[PDB]
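Coordinate inspection notes
So the chains spell out like this:
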Amino acid sequence: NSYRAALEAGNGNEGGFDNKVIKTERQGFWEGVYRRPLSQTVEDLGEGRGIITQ
Amino acid sequence: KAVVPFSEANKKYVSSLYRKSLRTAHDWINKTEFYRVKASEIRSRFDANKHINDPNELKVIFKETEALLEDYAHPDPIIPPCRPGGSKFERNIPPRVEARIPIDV
Amino acid sequence: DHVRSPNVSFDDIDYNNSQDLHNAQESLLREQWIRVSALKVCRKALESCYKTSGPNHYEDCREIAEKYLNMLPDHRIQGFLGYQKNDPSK
Amino acid sequence: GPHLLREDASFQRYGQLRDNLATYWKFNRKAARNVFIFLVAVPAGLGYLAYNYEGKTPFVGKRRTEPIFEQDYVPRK
Amino acid sequence: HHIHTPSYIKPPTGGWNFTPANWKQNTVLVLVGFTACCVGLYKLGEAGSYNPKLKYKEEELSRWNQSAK
Amino acid sequence: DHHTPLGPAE
Amino acid sequence: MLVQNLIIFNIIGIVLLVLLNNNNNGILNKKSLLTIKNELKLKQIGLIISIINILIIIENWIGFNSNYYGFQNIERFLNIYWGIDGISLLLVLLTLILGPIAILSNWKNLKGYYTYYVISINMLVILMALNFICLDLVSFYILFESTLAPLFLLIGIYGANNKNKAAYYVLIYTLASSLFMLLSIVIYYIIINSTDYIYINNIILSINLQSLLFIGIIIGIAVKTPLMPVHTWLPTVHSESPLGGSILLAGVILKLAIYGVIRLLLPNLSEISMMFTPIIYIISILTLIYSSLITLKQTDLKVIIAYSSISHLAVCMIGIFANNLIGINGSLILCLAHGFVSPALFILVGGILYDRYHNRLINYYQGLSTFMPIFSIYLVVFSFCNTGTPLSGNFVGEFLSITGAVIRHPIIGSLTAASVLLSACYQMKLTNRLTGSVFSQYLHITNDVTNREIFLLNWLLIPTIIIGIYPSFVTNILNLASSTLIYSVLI
Amino acid sequence: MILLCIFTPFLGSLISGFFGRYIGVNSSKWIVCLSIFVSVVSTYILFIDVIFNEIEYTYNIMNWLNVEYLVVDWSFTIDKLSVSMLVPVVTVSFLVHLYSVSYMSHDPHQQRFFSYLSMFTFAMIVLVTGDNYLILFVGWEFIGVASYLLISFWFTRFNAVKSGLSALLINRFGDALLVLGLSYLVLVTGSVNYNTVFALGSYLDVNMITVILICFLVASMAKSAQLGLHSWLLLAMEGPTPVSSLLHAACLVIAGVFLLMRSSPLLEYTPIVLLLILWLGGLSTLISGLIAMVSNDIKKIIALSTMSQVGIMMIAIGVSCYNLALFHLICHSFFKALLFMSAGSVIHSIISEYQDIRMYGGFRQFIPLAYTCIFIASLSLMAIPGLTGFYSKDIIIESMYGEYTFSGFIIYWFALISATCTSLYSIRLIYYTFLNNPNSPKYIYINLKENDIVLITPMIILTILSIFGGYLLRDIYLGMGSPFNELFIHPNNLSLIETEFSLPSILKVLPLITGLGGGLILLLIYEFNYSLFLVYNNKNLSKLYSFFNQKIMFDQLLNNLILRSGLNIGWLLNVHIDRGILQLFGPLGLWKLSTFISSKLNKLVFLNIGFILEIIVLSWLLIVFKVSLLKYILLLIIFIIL
Ligand SMILES: CCCCCCCCCCCCCCCCCC(=O)OC[C@H](COP(=O)(O)OCCN)OC(=O)CCCCCCCCCCCCCCCCC
Ligand SMILES: CCCCCCCCCCCC(=O)OC[C@H](COP(=O)(O)OCC[N+](C)(C)C)OC(=O)CCCCCCCCCCC
Ligand SMILES: CCCCCCCCCCCC(=O)OC[C@H](COP(=O)(O)OCC[N+](C)(C)C)OC(=O)CCCCCCCCCCC
Ligand SMILES: CCCCCCCCCCCC(=O)OC[C@H](COP(=O)(O)OCC[N+](C)(C)C)OC(=O)CCCCCCCCCCC
């Protein structure tokens, strides 16, 4: 689970980031993205204080 | 402690119980004619037991006299305004007289 | 002078181009500040009516009061991090 | 300067003690009674209320959809 | 009587029945200031105030309620 | 009487 | 220009002061002219540099554009990219303004080595001023931790009776925690290969990895803006440090932790900041209520003001984590207003009384409004400002921060309103005791506030009431800068 | 005119405060009294132009807050209600300053006293003329700042210092709630303006109005000193007599009523809040009437009279008759200012300057002028027909019954007892000090005179208002259908018709019949049959007397229990947390641990071949054991530390 192992397995940020490529599944632990599916935000933050509704 | 009748210190205690008794009557009774009547009685109650030559007999009265005052204590005693507890106590105290010792800050 | 807003959307640009991404963030901020300015104007119209109507303020100021309570939740500054980093379509 | 303060020996002990209460403190059953209340009981109680209502209060511009006054009167007499 | 220590204690409000020797002169300098400012405050009050019941005619409001509809 | 005289010039 | 002029001139000034003082050391005893009047010439050159530092930033404030979104005045110096935006500009202005005031506060109340003190004060101010204008986490951390070296020596050399305990507290509390902030900075450099602000603002991390980095960074922040239960260093250090060290340690150092939220948590860790905001409110509301109650049982004069500092900073953190513009603008105005009122009280408590009677115990002081009236006017005036009286700049900060707290969370965020009542409990009790009853029988009549100490008070009160009456001076700079910190998707 | 009417007191307070040294004592007082008089005349001009001519004034200095949608101005307006409150405030305060020119003549600090007093008037003026709630909140706090400075004016007196603190801290309790109410006003409507918030009253959720207004009610309980937050009201008598007159007739003690009246458009859409005010405003009137009858200090009696009268306005608010509560507010400021002034005149005249009415007696002829002012004012207080307090207080008592609900019936008797006790503790006050057998020594009676003409003028002018003010102004406020939209009455809450037409014919006389008819009976006992009241013998009466003389033992409950527990929690936090668990998980605790660990490690460094050789050979075991056994070796190592 070290970043070195993830990088050596293609699960690191060696590949850059992009807004036109959205991944439906959740990204790996060490992976970063420019943009995220909103359903992942709601499934984490929950609706309420400024997410989706007011 | 022990109570020694006719000693100077024992008399002053009885003097103090007298100022507690009459002032407390004065606190409740707000007419002079009614106050003198009750104030006369208290002295009679104070002077009837004037003669005691025994320690232990006297100490019971001291125990009783404190109880009499505590139950009859006024919830708002009259106080002179400039005496401690009064309406004008500590008002406009003149400032202290002393020399200003300058400091080179 | 009066700078024109760079009307640009997060949905048409590449975030690798951090110059264009900056405009997409600056354009989404400026439009929101207009809505607050639009909101403060509408509220001014409500205030004149209530002061002028007096007893009739419930009638002569009916749709302004209705509209003001409708624009209030969404006519506020929300930033761009919400929409830059989230994808409503997904 | 000139020591413009009449230093007091008893105040110095009081000041010395009040700034050194850590030395004499013990973790007896009394302290745990207080420590549990302030570091756990209150934070958890408020922590539940904070998370329970976190997102359940859309009070911005809330509207009324239910009458306040009553229409018909039903006298006892 | 008692001593005010007035050699050094000089608060802005005097202290213990303070009255300067040239108090008659200073008051006229102060009575001007109250008069100078009260007159000055009257000018601004007239120039900068308004009636908030006559700025907009009801004929203008009646278009606002319908436009928002 | 009050007899408090005026203080210095200010 | 800016940073390059700000470092090169200060380094030149520091070298100049060292050359002048140490020339005569040699092998022979020296009675030179520069030692006369307690190093007065060397103190003056230190005071001028503090004033000149303000002139450098104003040269760049004129060019600032309030309608441009993004960092301005960007420059690269020492392979580090700098820059200014709306939020950073005002905090830089506060930091440099406290420069002359920190030096002026200690003009003639040190036993010696004034040149060392003057160099350290200008050094700490520059390090903190530069901390608002860097553009990467690594450089943020470098400036965030470099202030320990002078501050630890300054408190130890010039401190009060317990200076050794105070020195051992600031060095270890603010290093054993900021090292946890280094770990989260390092992890940013491992996965993203860069710690620049702009580059890392656009990246989203996994919600597990967001929680780790937040916990690391907020550990380093919860100590600098002391949040219970890790606040124990601040009351001790304040009661023992030199008076000038207290003005900087309260005026600026605490506000570096609120600025830590603005750069390190809200933009890049936006998703996990929403999750922690309920928890942050719990910690800050308990900090607000406990710090106010603990102050009611304190005896040292300079500790009592120290805890009042903790209650206000808890409110500042409450507002900044509110996800609206009202809370964020209110939190930043409160930090600026607290940046003047807090130093003013330490001057009143540890700088005017302590320089005359040399005792900080509250029991000796009462009835001070009799033979020290000018002192009691400012103590009364600053007591109200410290408690959010509507005409001061603190009320604007506190009202908005409370308003923003309720907007974010109506139920528990409403408990911020207890700040209005509790702040008046410990503070007004302290003022009412000091300026009440007869003059104390343990003190002796002495001078009232001197002309220098009036100058310090008037120029900490004047900025406070301008921001109160017309806070739009601060707001016109903040609005476009503070609007980039809000995370919300409405559909 | 508006800008002259508002800020004229302010520069008057500054001039006495900052130039009072350079113009001495005599001029400082008069220039201050001039500033209030300028605002009085300016106010009366606007009163004519606003109340009768239907005109409004609004001076907007500049912007205060401009945080996105939340925009607040330094805007000052004068509507009907703002000018309905500037008559009681500025008029009374001008006479108070005129009265206080002579009352304070024997006090060394008269530049500071007047500087505070005109500051107090300016804050209240800002309180009622602000066009939003924040401008109101600014004056709402400087009311407490000026009151704290006024109440503790004799800062050398220990009692006046702590009573000033008691007023500020309890008021800041409501101020905290008032701030919280404003935040929910921004949360719900994004505004604190009057033109905006009141225009949206019906459309808003009922729960939200309650959250806002409950906070307003709690804040108003602090300032108006109702039951629960009232312990400070009687502690306020430590200030000079002019302070009590201005602060208990035409200032903060009424500011609680104004906040509820101003927010009437919201208050009509949450009947639960109105119902609470009715009970708080009914219980408070009952209690302070009962407390006053067994109160001996003269200023305490009048101060308790203010709490009962101020609570009468609360039940008027509760039944949504804001026009009634407002009108009684004006009428109450007239005689209640006079009563404190007349109390100040009595105490000034008696050379011992006593305040216990148990040390007075037979004053009616030595000071006939002081007595008559109390007599005319008290009758106006007791609502004698044809006076001013009659035309304002009496209708409220009717409208408790005219509501024809359960709460109106229950409060009706609490209010009617308040009218009864008002007619009783007044008679007790007048007899004990003017008609009783003398209690002071003779040397006092031979040296009892009235006071100078400067002290006399303000009282007579307030007397005339207490005979004619209420009748003239009755139709302006209580008029059937007079346009006063500033006070908003929902159509289902109007009972002025049934209050005046449907009441039983015996109730319309019930307050007065028990008022004077019951007054004579008590007068005879105090005169002819005082032996009944020697209550110390009777334990039932002594317990009853002690309870009400100690003010429902509410003061003891606050201090002995609530305040001390609040300070104790500070102590427990300061003992078990700050110097307790945080030092154990901090400096002290880690020093203990490090002293233990380092004392073991020092014992290991010693030059010995046998020791170093044995350690090395043990470490060869780490090559033999399987790596999964490391943590057990980690635990075994930790054990041998112990
Ligand atoms: C506010 C937020 C929190 C901030 C602080 C967070 C960290 C705080 C950690 C607190 C834990 C220590 C505090 C409690 C220990 C206090 C020690 C003590 O009280 O004495 C117990 C005993 C010392 O012996 P004695 O002389 O008899 O003293 C008795 C006095 N009651 O001591 C002993 O007998 C020893 C106890 C067992 C020792 C086991 C050793 C295990 C290894 C040590 C832990 C290492 C921790 C660091 C690990 C990495 C280090 C590189
Ligand atoms: C809306 C904003 C309004 C601001 C207008 C300010 C007018 C009042 C100025 C008072 C100056 C003065 O004189 O205070 C100082 C007075 C002077 O005492 P003295 O009577 O001169 O006697 C002198 C002899 N002593 C001093 C022995 C009695 O003593 C004090 O130290 C009193 C304690 C501090 C009072 C603080 C009041 C500050 C006002 C509130 C600020 C918000
Ligand atoms: C902006 C960053 C620039 C870098 C500055 C580097 C500091 C080196 C200065 C050496 C000059 C010197 O040794 O001189 C000594 C000078 C002045 O002593 P004095 O009182 O005049 O002499 C005293 C003896 N007498 C009076 C008898 C003659 O005091 C100083 O050193 C103060 C500044 C350094 C203190 C903290 C150092 C921490 C370093 C780590 C920081 C991250
Ligand atoms: C996650 C929260 C992080 C917060 C910061 C870290 C804790 C702060 C500790 C303060 C230290 C202090 O106080 O240092 C000074 C202290 C002692 O105190 P003293 O000044 O000598 O007086 C008190 C002395 N008596 C008893 C004689 C009066 O020295 C020590 O005990 C030395 C050992 C401390 C080791 C610190 C390890 C830090 C590890 C942190 C991760 C668990």
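cryo-EM is the method the PDB entry states for this structure, with the resolution given as 3.34 Å.

Brief notes about the site of ligand 2
Among the 21 residues in the neighbourhood of ligand 2, the closest are listed as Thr13 of chain E, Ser369 and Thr370 of chain G together with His109 and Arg112 of chain H. Looking at what sits near ligand 2, you find residues from chains E, G and H. Contact between ligand 2 and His109 of chain H: an oxygen atom at 3.1 Å from a side-chain N or O atom of the residue. In the environment of ligand 2, an oxygen atom lies 3.1 Å from a nitrogen or oxygen atom belonging to the side chain of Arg112 of chain H. Expressed as a share of its isolated accessible area of 910 Å², the protein-covered part of ligand 2 is 91%. At the level of secondary structure, the elements contributing two or more residues to the shell around ligand 2 comprise α17 (373-386) of chain G together with α1 (2-52) and α3 (111-129) of chain H.

What to know about the site of ligand 4
Lining the immediate surroundings of ligand 4 are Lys165, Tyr168, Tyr169, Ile172, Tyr173 and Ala176 of chain G together with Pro587, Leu590, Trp591 and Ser594 of chain H. Residues within reach of ligand 4 are spread across chains G and H. Between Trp591 of chain H and ligand 4, the recorded distance is 3.2 Å, taken from a backbone N or O atom to an oxygen atom. Within the complex, the protein chains bury 59% of what would otherwise be the 950 Å² of accessible surface of ligand 4. Going through the elements one at a time, α7 (163-176) of chain G together with α24 (587-602) of chain H are the ones with two or more residues in the shell around ligand 4. Ranked by residues supplied to the shell around ligand 4, first place goes to α7 of chain G with six residues. Class assignment for the residues of the shell around ligand 4 results in eight nonpolar, one polar and one charged.

Here we look at the sheet that holds strand β1 (residues 57-67) of chain H
Judged by pairing direction, the sheet is antiparallel, and its three strands sit side by side in the order β1(E)-β1(H)-β2(H) without closing on themselves. In the strand order of this sheet, the two ends are held by β1 (49-50) of chain E together with β2 (70-78) of chain H, each with one partner. In terms of strand pairing, β1 of chain E meets β1 of chain H through two bridges, oriented antiparallel. In the sheet register, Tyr50 of chain E faces β1 of chain H, and the bridge partner there is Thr58 of chain H.

Focus: helix α20 (residues 451-469) of chain G
Its 19 residues give α20 of chain G an end-to-end C-alpha distance of 27 Å, which sits within 8% of 27 Å, the value for a rise of 1.5 Å per residue. Residues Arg452, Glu453, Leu456, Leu457, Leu460, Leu461, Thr464, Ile467 and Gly468 of chain G constitute the buried set of α20 of chain G. In an axial view of α20 of chain G, the angular spread of the buried residues amounts to 170 degrees, which keeps them on one side of the axis. Its buried side turned inward, α20 of chain G meets α3 (86-105), α16 (325-357), α17, α18 (393-408) and α21 (472-482) of chain G together with β1 of chain H.

Remarks on the pairing of β1 of chain H
Residues and elements named next belong to chain H. Bridge count between β1 and β2: eight bridges; the pairing is antiparallel. What sits directly across from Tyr59, in β2, is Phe76. The antiparallel hairpin formed by β1 and β2 contains two residues in its connecting segment, where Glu68 sits at a positive phi of about 35 degrees.

Remarks on the pattern of salt bridges
Counted by the stated rule, this structure contains 28 salt bridges over all chains. The closest approach of N and O atoms between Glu54 of chain D and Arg408 of chain G, which form a salt bridge, is 3.4 Å. One end of the pair, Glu54 of chain D, is in the segment after α3 (29-52); the other, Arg408 of chain G, is in helix α18, on a second chain. Considered together, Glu54 of chain D and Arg408 of chain G belong to a single accessibility category, that of buried residues. Among the ionic contacts, a cluster of salt bridges with common partners joins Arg26, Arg36 and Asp44 of chain A.

Focus on the interface of chain H and chain G
Many structure descriptions define interface size as the accessible area lost when the parts assemble. Contact residues are listed per partner, giving 49 residues for chain H and 54 residues for chain G. Both faces combined, the contact of chain H with chain G buries some 4,500 Å², and carbon together with sulfur accounts for 73% of it. Three residues stand out in chain H for area buried against chain G, namely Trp64, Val67 and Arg172 of chain H, and they jointly supply 13% of the buried area on that side. Across the chain H-chain G interface, the total number found is zero salt bridges. Counting the contacts that link chain H with chain G gives twelve residue pairs in polar contact. Sorting the residues of the side of chain H that touches chain G by element identifies β1, β2, α4 (133-151), α5 (158-189) and α23 (554-584) of chain H as the ones contributing at least two each. By residue number, the principal contributor to the side of chain H that touches chain G is α5 of chain H, which donates 17 residues. The class makeup of the residues in the side of chain H that touches chain G is 33 nonpolar, nine polar and seven charged.

Topic: the side chain of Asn171 of chain H
Residue and element names in this part refer to chain H. Turning to its location among the elements, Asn171 is positioned in helix α5. Taking relative accessible area as the criterion, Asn171 reaches 1% and is therefore assigned buried. Apart from residues no more than four positions distant in its own chain, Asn171 is found in contact with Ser147, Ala222, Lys223 and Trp232.

Observations regarding the packing of aromatic side chains
Counted by the stated rule, this structure contains 69 aromatic pairs over all chains. Between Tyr269 of chain H and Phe488 of chain H, the aromatic rings sit 5.9 Å apart at their centres with planes inclined by 20 degrees, giving stacked as the arrangement. Of this pair, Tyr269 of chain H sits in the loop between α11 (264-267) and α12 (271-292) while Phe488 of chain H is found in the loop between α19 (453-477) and α20 (496-501), placing the two residues 219 residues apart along the sequence. Look at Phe363 of chain H and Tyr445 of chain H: their rings are 5.6 Å apart centre to centre, the planes differ by 50 degrees, and that puts the pair in the tilted class. With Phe363 of chain H in the loop between α14 (322-349) and α15 (368-381) and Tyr445 of chain H in helix α18 (residues 442-445), this pair connects stretches of sequence that are 82 residues apart. The buried category is assigned to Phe363 of chain H, whose relative accessible area is 1%. Among the aromatic residues, those joined into a ring-pair cluster are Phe17 and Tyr34 of chain A together with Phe10, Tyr15 and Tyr83 of chain C. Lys43 of chain G extends its terminal NZ or CZ atom over the ring of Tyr114 of chain G, reaching a point 4.3 Å from the ring centre.

Thresholds applied
Each chain carries its own residue count, running from 1 in the order of its written sequence; this scheme can depart from the entry numbering, and residues that have no coordinates do not appear. For naming, the first written chain is A and the first written ligand is 1, with later ones following in the order written. Each value listed here was derived from the chains shown, which are themselves a piece of a larger assembly. Side-chain measures here rest on the full set of heavy atoms in the structure, leaving out hydrogens and waters. We call a residue near a molecule or strand whenever a single non-hydrogen atom of that residue lies within 4 Å of it. We define a polar contact as two N or O atoms separated by no more than 3.5 Å, with the added condition that, inside protein, one atom must be a possible hydrogen donor and the other a possible acceptor, whereas residues neighbouring each other in sequence contribute only through side-chain atom pairs. Here the open area of atoms and residues is found with the Shrake-Rupley method and a 1.4 Å probe, where only the protein chains shown may cover a residue. Secondary structure elements are defined from DSSP: runs of H or I of at least 4 residues count as helices, runs of E of at least 2 residues count as strands, and each element is numbered from the N terminus. For this scheme, ten residues count as nonpolar: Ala, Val, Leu, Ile, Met, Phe, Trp, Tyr, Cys and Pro. Four count as charged, namely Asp, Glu, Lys and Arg, and the remainder, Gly too, count as polar. When DSSP finds two or more bridges between a pair of strands, those strands are recorded as paired. Between the first and last residue of a helix there are one fewer steps than residues, each counted as 1.5 Å, and that sum is the expected span. Only protein chains enter the calculation, and the probe is 1.4 Å; a residue is then buried if its accessible area is under 20% of its type maximum, exposed if over 50%, and partly exposed in between. Think of the arc as the fan of directions from the helix axis to the C-beta atoms. When checking whether two residues touch, look at their non-hydrogen atoms; a contact exists if any pair is within 4.5 Å. Salt bridges are defined as contacts in which a side-chain nitrogen from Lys or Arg sits within 4 Å of a carboxyl oxygen from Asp or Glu. Each of two parts loses accessible area, computed with a 1.4 Å probe, when they are put together; buried area is these two losses added. Stacked, tilted and edge-to-face are the three classes applied to pairs of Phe, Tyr and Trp rings, where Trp contributes its six-membered ring and a pair requires centres within 6.5 Å; stacked means planes under 30 degrees apart, edge-to-face means over 60, and tilted covers the rest. Comment: the charge-over-ring label is applied if NZ (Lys) or CZ (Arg) is within 6 Å of the ring centre and within 35 degrees of the ring normal.

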